Amino acid sequence: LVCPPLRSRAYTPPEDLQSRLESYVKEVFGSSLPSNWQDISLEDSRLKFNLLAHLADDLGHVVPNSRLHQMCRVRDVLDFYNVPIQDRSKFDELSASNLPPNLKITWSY
Amino acid sequence: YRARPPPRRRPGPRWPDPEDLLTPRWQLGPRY
Amino acid sequence: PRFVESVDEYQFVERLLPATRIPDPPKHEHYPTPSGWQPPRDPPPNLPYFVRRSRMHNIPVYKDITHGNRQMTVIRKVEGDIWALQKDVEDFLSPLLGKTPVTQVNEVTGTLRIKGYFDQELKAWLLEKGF
Amino acid sequence: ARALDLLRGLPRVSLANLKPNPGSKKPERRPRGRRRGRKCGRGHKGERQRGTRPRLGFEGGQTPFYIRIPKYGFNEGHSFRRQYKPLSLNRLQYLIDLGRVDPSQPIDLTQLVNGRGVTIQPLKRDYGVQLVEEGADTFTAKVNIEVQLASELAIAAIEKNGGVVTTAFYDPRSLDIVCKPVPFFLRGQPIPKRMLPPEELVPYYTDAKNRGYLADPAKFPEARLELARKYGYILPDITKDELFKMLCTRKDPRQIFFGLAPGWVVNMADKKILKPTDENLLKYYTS
Amino acid sequence: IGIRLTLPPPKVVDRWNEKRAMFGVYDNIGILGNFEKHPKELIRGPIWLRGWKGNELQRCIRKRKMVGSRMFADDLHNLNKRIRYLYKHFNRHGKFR
Amino acid sequence: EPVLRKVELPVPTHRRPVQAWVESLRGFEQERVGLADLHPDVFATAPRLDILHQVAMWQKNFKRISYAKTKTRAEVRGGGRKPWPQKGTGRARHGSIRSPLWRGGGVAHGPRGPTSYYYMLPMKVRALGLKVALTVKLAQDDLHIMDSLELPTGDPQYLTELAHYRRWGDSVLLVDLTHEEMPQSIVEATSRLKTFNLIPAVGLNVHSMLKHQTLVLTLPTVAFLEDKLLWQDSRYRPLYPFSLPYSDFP
Ligand SMILES: [Mg+2]
Ligand SMILES: [Mg+2]
Ligand SMILES: [Mg+2]
Ligand SMILES: [Mg+2]
Ligand SMILES: [Mg+2]
Ligand SMILES: [Mg+2]
Ligand SMILES: [Mg+2]
Ligand SMILES: [Mg+2]
């Protein structure tokens, strides 16, 4: 019917993301009964789904099919998001780099 | 593309024409 | 000709027919079972690796002869860190031969290749560890 | 794992990224060039390259080795010699521990070959399977094993634990249906009646010591007593246990299965079992 | 001269058509099709080879025994001379004897 | 609401299953609706590119049957007589015409009729080839899973934009269990186009999914081939072809 503009694969983690996701972890789990919440596990699929589903549509970054099975505990999800990811062509990033004047690279497309 | 239909064996027995010579005789026999 | 039918005899036909899956063996009250059989311990031991059993729930240690003189023994399905396993068997078989083994490993297939038959030694070694 | 976390970063696999295990497919070496091309590994001059060498085992007119040796009766009538596959009671103890064949029911060559204990090649003229004395220790089967051949130690070990041993001869086409009946059940013909043993194995299958199915039951207590007297072990009268009836379940001659009998046609699709119900047909199948 | 002065026309390679897109399909009908059929009866070809391998002799003897009665006289005559020349060739000519 | 699948087969104690997202085609923006844990031994096998080499090119080869042929000096017409006397003339000794030397003569070592490169691999190797095929897809995030292949619009335009909006790839496969239950909407789309091909679960093979840049399954299909390949893993010894009946296996 209508195709909205595509979402850019590039994504950078905003500040205080730990506070944002932690506020939602307490929303899913009444309240977080045990301390040391970083070691909390996600054996159930409903808990893992509602957790990862809110993270994606709220931030704008989806966990691939190859990594969610590795995201066993919550701290792994914290390490997967605090690291950034980028999306630009090699020509774009090389031109963005501080190349010297003598060097030049073209793009014949 | 829609794939061609899956090859399946003939449902029910296979009774050849007895008055048809290219059909071998062991089908006409009682053992078949 | 005539023919009369019966169906009560059908139970003998299914006792006669074979199966298509290996049944999980009975839980014997006494272990080790006769014929030197011993199922794997449960839960497994937390390690960098693990060795699974075969279709018949046996140990995947096998022998092989090649060139008429290559008198070796192999293991098939090492899972995880093979370097930890091959180091253990190297230290285990070292004092028997007086020298460190010079065996070969293939972490792609997860296999080992050890000179000399030590299957009876490796079987008892893997059983007492609980693989 | 350490294997999968590499592939997610590594590029996608396709036909261009495809390669076999190095060392499997060695490269073909054709005789074209300087190295092979000159003579292609056939020699300088002679029958070696001309292709007119003699047959295999030729000594250049001298008598070959295979004619100077005299003939002797090594393998004559090998297509009719007596053959049977071994079976060790060690394996029987092993297979029941695995649970593929149940000791609660009578063990049989059908239950055995349905368990894939040992292969059998009836067209390779093996009329059954024998028991093997190797495995006398660590044996508590208590099974009613059906066999063709049997050793003295195997019978003593089985009877000591309370089991039952019995010989039962099968013909070639009567055995291949026994070891594998279901394809004949895809044919629809009636299962054939067994025959008596041949004109030389009848003294064996009629003797009581070897547990012959033609021998009397009255003589088996005597043979059991002598084995207990021989190998020094108590003789457990198996009449006490609740499953004594199961242990004595045996098939008469001219019958394959304890349930089925000759003439009984069986069907699986729209499962039905049929009789002839003719006096001429019925009275022969009993014969 | 063997080479050609002018180039040939650029042959268009259609990597997405009915055959190449549906290539390799229905090869595992036995593995995950409850073994109702074998992949050997799938292939379209002569009747003297449907799921079977053979050398020059093996394919020829299978041909004359199966369809030789339907073959032509000239083709059948050349077939007998072929196997007769190849029978003696493999048996008498070559290395390894 | 979410759609969860829990594996019905048993799993090893020392290998946990692997979760995977689930999608659909009712809406456009709809993504990540439902999960499905998967058996590790079939979805986490080693890479084994040598296995893919054999089984993929195997189905390239065994279906091939040649038709090339060259007439030998006996088959080419003529060449029965001797053209000239052995020592009568200066010309080189030649027994007849149509030899490999003469023009138009028969070939000495050439193609011989329709050959057959047919050879069957072990069922366990071919099965394991299927086990490892969709495994590497899971590592590379190439495959996808969804509930059913229904869409209201049903045209190639919506299907194409849906693909490279989720960034699947150029070439895709569609899988279903049987040949009858495919909706008429999705099948009419795939028939018009060529890239986003469609096949049933019975016709699933490694070469198509390796040729196509991505893969798609349905939850009934995921349980189907899982039951088959795990049954191949815990398989019993084959005494006879599986076409004949069994006790538990149909
Ligand atoms: Mg070997
Ligand atoms: Mg010489
Ligand atoms: Mg010369
Ligand atoms: Mg000569
Ligand atoms: Mg001629
Ligand atoms: Mg002439
Ligand atoms: Mg001549
Ligand atoms: Mg020509």
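Can you walk me through the overall build of chain C in this structure?
The helix and strand tally for chain C stands at three helices and seven strands. For a compact globule of 131 residues, the expected C-alpha radius of gyration is about 14 Å, and chain C comes in at 22 Å, more than 25% above that figure. Looking at chain C as a whole, 34% of its 131 residues qualify as buried. Split by element, the accessible area of chain C, about 8,300 Å² in all, is 56% carbon and sulfur. Charge centroids of chain C, computed over 18 positive and 17 negative side chains, lie 5 Å from each other.

Looking at this model, I keep getting lost on the interface of chain D and chain C. Mind explaining?
Interface extent is often summarised as the accessible area lost during association of the parts. Residue-level contacts link 28 residues of chain D with 23 residues of chain C. Between chain D and chain C lies a buried interface of about 2,500 Å² when both sides are counted; carbon and sulfur atoms form 61% of it. When residues of chain D are sorted by the area they lose upon contact with chain C, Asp97, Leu98 and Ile273 of chain D head the list and together hold 23% of the total. Run the count over chain D and chain C and you get zero salt bridges. Taken together, the links from chain D to chain C amount to seven residue pairs in polar contact. Counting residues per element, the ones that place at least two in the side of chain D that touches chain C are α4 (89–98), α5 (109–114), α8 (182–185) and β6 (272–275) of chain D. Examining the composition of the side of chain D that touches chain C, we find that five residues originate from one element, α4 of chain D, more than from any other. Residue composition of the side of chain D that touches chain C, grouped by class: 13 nonpolar, eight polar and seven charged. Inspection of the sheet shows strand β1 (residues 4–6) of chain C paired to β6 of chain D by three bridges, in the antiparallel sense. Pairing of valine 4 of chain C across the sheet is with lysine 275 of chain D, part of β6 of chain D.

Which parts of the structure should I look at to understand the packing of helix α6 (residues 152–160) of chain D against helix α10 (residues 220–231) of chain D?
All names here are of chain D. Across the interface, α6 lies against α10 with an axial gap of 10 Å and an inter-helix angle of 100 degrees. In terms of their interaxial angle, α6 and α10 are classed as roughly perpendicular. Where α6 abuts α10, its residues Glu152, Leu153, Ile155, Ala156 and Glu159 lie against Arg224, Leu227 and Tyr231. Looking at the contact of α6 with α10, its residues break down into five nonpolar, no polar and three charged.

I keep staring at the sheet that holds β1 of chain C and nothing clicks. Help me out?
What holds strands together in a sheet is hydrogen bonding between their backbones, with the strands either parallel or antiparallel. Read across the sheet, three strands follow the order β1(C)-β6(D)-β5(D) without closing on themselves; strand pairing throughout is antiparallel. Of all strands in the sheet, those with a lone pairing partner are β1 of chain C together with β5 (265–267) of chain D, marking the two edges. Between one strand axis and the next, the sheet turns through 30 degrees on average, direction left out of account. Bridge count between β5 of chain D and β6 of chain D: three bridges; the pairing is antiparallel. In the strand pairing of β6 of chain D, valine 265 of chain D is matched with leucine 274 of chain D.

Hey, could you run me through the packing of helix α3 (residues 123–139) of chain F against helix α7 (residues 219–233) of chain F in this one?
In a pair of packed helices, the angle between the axes and the distance between the axes together describe the arrangement. All names here are of chain F. For the pair α3 and α7, the least separation of the axes is 10 Å and the interaxial angle reads 135 degrees. Here α3 is positioned oblique relative to α7, judged by the angle of their axes. The two elements α3 and α7 meet at a crossing, and its hand is left-handed. For the pair α3 and α7, contact is made by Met123, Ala127, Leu130, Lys131 and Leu134 and by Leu225, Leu229, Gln232 and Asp233, respectively.

When you look at a nonpolar patch on the surface in this model, what are you seeing that I'm missing?
Residue and element names in this part refer to chain A. Together, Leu94, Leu99, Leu103 and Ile105 line one region of the surface with nonpolar side chains, adding up to about 280 Å² of accessible area. One can find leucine 94 in helix α4 (residues 90–96). Judged by its relative accessible area of 34%, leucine 94 falls in the partly exposed class.

When you look at the pattern of salt bridges in this model, what are you seeing that I'm missing?
Any two side chains of opposite charge can pair, given that their charged atoms come close. Taken as a whole and assessed by the stated rule, the structure comprises 25 salt bridges over all chains. The partner of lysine 69 of chain F in a salt bridge is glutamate 75 of chain F, with the nearest N and O atoms 3.6 Å apart. Under the relative-accessibility criterion, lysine 69 of chain F is labelled partly exposed at 45%. Between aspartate 142 of chain F and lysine 137 of chain F there is a salt bridge, with the nearest N and O atoms lying 3.9 Å from each other. Salt bridges sharing common partners tie together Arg7 of chain A together with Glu23, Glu29, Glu31 and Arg166 of chain F.

Teacher, can you tell me more about the side chain of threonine 111 of chain C here?
Residues and elements named next belong to chain C. Here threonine 111 lies in strand β7 (residues 111–115). Classification of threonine 111 by relative accessible area gives buried; the value is 18%. Contact partners of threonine 111, with chain neighbours within four places excluded, come to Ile75, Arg76, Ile82, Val105 and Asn106.

Sorry if this is basic, but what is going on with the nonpolar core here?
In summary, soluble globular proteins display a tendency toward joint burial of nonpolar side chains. With 60 residues, the main nonpolar core has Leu38, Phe43, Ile199, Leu204, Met209 and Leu217 of chain F as its most contacted residues. Of all the elements, α3 of chain F adds the most residues to this core, at nine residues. Here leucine 38 of chain F is in contact with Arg5, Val7, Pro17, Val18, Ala20, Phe43, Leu138, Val222 and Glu226 of chain F, once residues within four sequence places are set aside. Counting 29 residues, the second largest nonpolar core, distinct from the first, contains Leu87, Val118, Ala150 and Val165 of chain D.

Before we go on, may I ask you to explain the interface of chain F and chain E in this structure?
Across the contact, 46 residues belong to chain F and 36 residues belong to chain E. Three residues stand out in chain F for area buried against chain E, namely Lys63, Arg112 and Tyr118 of chain F, and they jointly supply 17% of the buried area on that side. For the pair chain F and chain E, the number of links is one salt bridge. One salt bridge connects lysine 63 of chain F with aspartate 27 of chain E, and the closest N-O pair in it is separated by 3.4 Å. Our count for the contact surface shared by chain F and chain E stands at 10 residue pairs in polar contact. Contributing elements (two or more residues each) for the side of chain F that touches chain E: α2 (49–61), α3, β5 (196–200), α6 (206–211) and α7 of chain F. Per element, the largest residue contribution to the side of chain F that touches chain E is six residues, and it comes from α7 of chain F. In terms of residue class, the side of chain F that touches chain E is made up of 24 nonpolar, 14 polar and eight charged.

I'm lost on the packing of aromatic side chains in this one. Help?
Across all of its chains, the model carries 27 aromatic pairs over all chains by this definition. Ring centres of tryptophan 231 of chain F and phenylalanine 242 of chain F lie 5.3 Å apart, and the angle between their planes is 75 degrees; this geometry places the pair in the edge-to-face category. Placement of the pair is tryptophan 231 of chain F in helix α7 and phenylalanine 242 of chain F in the segment after α7, with a sequence separation of 11 residues. On the basis of relative accessibility, which here comes to 4%, the residue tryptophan 231 of chain F falls in the buried class. Overall, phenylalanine 242 of chain F belongs to the buried group, its relative accessible area being 6%. Ring-pair connections join several aromatic residues into one group, and the members of that group are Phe35 of chain E together with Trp231, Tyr240, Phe242, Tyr246 and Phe249 of chain F. When the ring centre of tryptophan 48 of chain E is taken as origin, the NZ or CZ atom of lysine 63 of chain E, which lies over that ring, is 4.5 Å away. Over the ring of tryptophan 21 of chain F we find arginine 32 of chain F, and its NZ or CZ is 5.9 Å from the ring centre.

I would appreciate a short explanation of the sheet that holds β7 of chain C in the present structure.
Residues and elements named next belong to chain C. Reading across from one edge, β3-β4-β7-β6 is the order of the four strands in this open sheet, with antiparallel pairing throughout. Pairing within the sheet leaves two strands with one partner each, and these edge strands are β3 (61–66) and β6 (104–106). Recorded for the sheet is a direction-independent mean angle of 25 degrees between the axes of neighbouring strands. Two elements, strand β4 (residues 70–75) and β7, share four bridges in a ladder whose sense is antiparallel. Note on β7: the bridge partner recorded for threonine 73 is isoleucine 114. Running over the sheet, helix α2 (residues 82–97) touches β6 and β7 and is turned about 20 degrees from β7.

What counts as what
The residue numbers shown here are sequential, starting from 1 for each chain in the order of its written sequence. They can differ from the numbering used in the entry, and residues that have no coordinates are not displayed. The lettering of chains begins at A and the numbering of ligands begins at 1, in the order of writing. Values throughout refer to the chains shown here, themselves only part of a larger assembly. With hydrogens and water excluded, all non-hydrogen atoms of the structure serve as input to the side-chain values. Per the convention used, a helix needs a DSSP run of H or I reaching at least four residues, while a strand needs a run of E reaching at least two, with both numbered from the N terminus. Radius of gyration: C-alpha atoms only; globule rule: 2.2 Å multiplied by the number of residues to the exponent 0.38. Classification of residues uses two cut-offs on accessible area relative to the type maximum, computed with a 1.4 Å probe and protein chains only: under 20% is buried, over 50% is exposed, and between them is partly exposed. Every accessible area reported is derived by Shrake-Rupley at a probe size of 1.4 Å, with residue values counting cover from the shown protein chains alone. Counting rule applied: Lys, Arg positive; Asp, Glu negative; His and chain ends not counted. A single reference atom marks each charge: NZ on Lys, CZ on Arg, CG on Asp, CD on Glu. Should any heavy atoms of two residues lie within 4.5 Å, those residues are counted as being in contact. A simple way to read buried area is as the amount of 1.4 Å-probe accessible surface that goes missing from two parts once joined, with both sides added. By convention in these notes, a salt bridge is any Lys or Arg side-chain nitrogen within 4 Å of a carboxyl oxygen on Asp or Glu. Think of a polar contact as two N or O atoms within 3.5 Å of one another; within protein, one of them needs to be a possible hydrogen donor and the other a possible acceptor, and neighboring residues in sequence only count if both atoms come from side chains. For this scheme, ten residues count as nonpolar: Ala, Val, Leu, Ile, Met, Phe, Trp, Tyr, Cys and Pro. Four count as charged, namely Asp, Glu, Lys and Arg, and the remainder, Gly too, count as polar. Two strands are said to pair when DSSP picks up at least two bridges between them. Each axis is a line fitted through C-alpha atoms, and for a helix only the stretch in contact is used; angles between axes span 0 to 180 degrees, taken between their N-to-C directions. Here the angle decides the label: under 35 degrees means roughly parallel, over 145 means roughly antiparallel, 65 to 115 means roughly perpendicular, and every other value means oblique. Two helices that cross are described as forming a left-handed crossing if the nearer one is turned anticlockwise from the farther one by less than a right angle, and a right-handed crossing if clockwise. Note on patches: the residues involved have over 30% relative accessible area and no salt bridge, like charges join within 9 Å, and the nonpolar side chains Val, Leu, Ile, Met, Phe, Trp and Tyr join within 5 Å. As used here, the term nonpolar core means buried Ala, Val, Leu, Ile, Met, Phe, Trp, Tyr and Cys residues forming a set that is joined through side-chain atoms within 4.5 Å. Here the aromatic set is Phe, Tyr and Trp, taking the six-membered ring for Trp, and pairing holds for ring centres within 6.5 Å; pairs whose planes are under 30 degrees apart are stacked, those over 60 apart are edge-to-face, and all others are tilted. Ring-over charges, as used throughout, are those where CZ of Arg or NZ of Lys falls within 6 Å of the ring centre and within 35 degrees of the ring normal.

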